[PDB]
Amino acid sequence: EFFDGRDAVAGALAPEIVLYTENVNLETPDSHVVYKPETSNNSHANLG
Amino acid sequence: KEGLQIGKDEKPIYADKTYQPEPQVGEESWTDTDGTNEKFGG
């Protein structure tokens, strides 16, 4: 995925950050979550 | 005019000046993202 700045109106569209998104077998084998706002997942509130 | 509203019951409940606001409490997470004309008390 490619990203550009804030103004980038019509033609000044050149990528500045390229992120390689992926899927992993994420697991927490020796820790547990002690604060989680919403029971659902993948929300801005869940970043914290 | 009565201070910091802390809940509802229609009727809005207001902070009890004897103990509220508690100095020991605050926002719970770092992702506060507060810029939309919030109301704060202390």
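Residues numbered from 1 in each chain as written, not as in the entry; some residues may be left out. Chains lettered and ligands numbered in written order. Part of a larger assembly, values for the part shown. Heavy atoms only, no water.

The name the PDB entry assigns to chain B is Hexon protein, from the organism Human adenovirus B3. What the PDB entry is called, per its title line, is "Structure of Adenovirus serotype 3 mature hexon".

In the nomenclature of the PDB entry, chain A corresponds to Hexon protein from the organism Human adenovirus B3.

A. Representation of the interface of chain B and chain A. Contacts between the two partners involve five residues from chain B, matched on the other side by five residues from chain A. For the chain B face of the interface with chain A, the top three residues by lost area are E28, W30 and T31 of chain B, together amounting to 75%. Across the chain B-chain A interface, the total number found is zero salt bridges. There are two residue pairs in polar contact connecting chain B and chain A. Here the residues of the side of chain B that touches chain A are counted per class, giving one nonpolar, three polar and one charged. (Contact = heavy atoms within 4.5 Å. Buried area = accessible area lost by both parts, 1.4 Å probe. Salt bridge = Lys/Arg side-chain N within 4 Å of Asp/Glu carboxyl O. Polar contact = N/O pair within 3.5 Å; in protein donor to acceptor, adjacent residues only side chain to side chain. Nonpolar A, V, L, I, M, F, W, Y, C, P; charged D, E, K, R; others polar.)

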